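A.B. asks:
Protein chains in written order, with PDB author numbering: chain x, 450 to 498; chain e, 699 to 747.
#1: Taking the continuous alpha helix (DSSP H) assigned at residue 725 (chain e), which residues delimit it?
#2: Chain e partners of residue 461 (chain x), CB-CB under 7 Å?
#3: What did DSSP end up calling residue 450 (chain x) once you bin it into helix, strand or coil?
#4: Any Cβ of chain e within less than 8 Å of the Cβ of residue 477 (chain x)?
#5: Are residue 468 (chain x) and residue 700 (chain e) touching if we call contact CB-CB under 8 Å?
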């Protein structure tokens, strides 16, 4: 049964009519917010007198 | 909706109008049967007893 049965091509179009536009790009931006907390104090007592 | 083509189109704008309700129509056929073949001696040749 030695024979060629089928084939595949690398044929591609020429998108002169721009039928296919491929991947899309857009500009984006993210925002991150870092608020600063207060932290527990350190104290020293002394008498008033 | 999915491809872009430059279309250069020509649009006719005209009218044919008839004026005179008069014609004679002839169907002329059989030129080859007369000029290619015999008409006079060919017929006499058929009268052989």
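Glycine included, each C-beta is placed from N, C-alpha and C at the ideal position.
C.D. replies: Quick look at the numbers:
#1: No alpha helix (DSSP H) holds residue 725 (chain e); DSSP gives it neither H nor E.
#2: In chain order: nothing, as chain e lies at least about 16 Å away.
#3: Residue 450 (chain x): coil per DSSP, three-state reduction.
#4: no
#5: Cβ distance < 8 Å, so residue 468 (chain x) and residue 700 (chain e) count as in contact.
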